[PDB]
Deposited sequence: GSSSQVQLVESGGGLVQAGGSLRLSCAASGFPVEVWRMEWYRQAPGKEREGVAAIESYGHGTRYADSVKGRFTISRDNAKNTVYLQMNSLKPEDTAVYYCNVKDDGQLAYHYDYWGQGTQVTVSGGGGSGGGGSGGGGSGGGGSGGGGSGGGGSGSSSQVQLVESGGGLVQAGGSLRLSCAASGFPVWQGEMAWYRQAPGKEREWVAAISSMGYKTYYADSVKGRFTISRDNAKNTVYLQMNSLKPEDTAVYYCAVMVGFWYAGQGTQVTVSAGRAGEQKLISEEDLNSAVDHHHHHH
């Protein structure tokens, strides 16, 4: 997938020129700094020249200043090393490198020869099921990361494809409750501060109550749980 292919090397007389090519595949050459190294006989690898991403500049080892030029053709996805006034001390294997800093996540980093002659916040609903019309259920909402007493808590339901519908709410640090007209008399919302839990008691269930039911706390935005399925059969 990701490949750097060096070429341009050869055997040339002192004072001549070469042009090395580093052909890159699998990423754009211009997004990261690209680099030429060399390892000469009897020495360790040495950075020769680098071209930073986009137009952020080039760099040169002092030994090649005024003689080598590094450039980049984005369209060909290639980095070039133009070497003029070659000296025997430039004899080496030259290598290309991309400074991806691990952003080529699955690319683990041949050469060309040159010879010069604290709590999680979460709500978890439970208690749903399949019940007969007229039956009852009790949904529970176990809250983590905040005291249920300190929040406005509410239940809503969502039948698939349909619009979410608020069902019940209870006030923050209080006992005032609110209900959709559709469920008045049948549904009761309550809070157990000891168990950090809020409940939805549902009596006289109707097939029209079928939906995924969610519990939610008001934290600037509503933050709701994962839902529990309520299915009522006639």
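According to the record, no C-alpha positions are given for deposited positions 1-4, 114-116, 125-156, 274-298, numbered from 1.
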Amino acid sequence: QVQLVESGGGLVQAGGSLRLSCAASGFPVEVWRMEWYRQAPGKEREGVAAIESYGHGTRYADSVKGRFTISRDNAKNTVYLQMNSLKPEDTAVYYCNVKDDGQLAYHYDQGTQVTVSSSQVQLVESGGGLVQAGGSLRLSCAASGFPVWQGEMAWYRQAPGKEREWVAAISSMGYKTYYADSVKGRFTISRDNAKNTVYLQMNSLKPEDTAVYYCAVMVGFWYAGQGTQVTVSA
From here on, numbers count along this sequence of modelled residues.
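Stretches compared: 67-75, 159-167. Higher mean C-alpha B-factor in the entry: 159-167. Mean CA B-factor, 222-230 versus 206-214: the higher value falls on 206-214.
The maximum CA B-factor among the listed residues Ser126, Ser144, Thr91, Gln132, taken from the PDB record, is found at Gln132.
Of the residues listed, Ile189, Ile51, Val29, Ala180, the entry assigns the biggest Cα temperature factor to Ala180.
Ranked within its chain, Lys184 lands in the highest third, by CA B factor from the PDB record.
The PDB entry assigns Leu18 a C-alpha temperature factor belonging to the middle third of its chain's modelled residues.
Looking at the C-alpha B-factors along this chain, the one for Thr112 belongs to the middle third.
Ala194 sits in the highest third of its chain by CA B factor, as recorded in the PDB entry. Ranked by Cα temperature factor within the chain, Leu104 sits in the middle third according to the deposited record.
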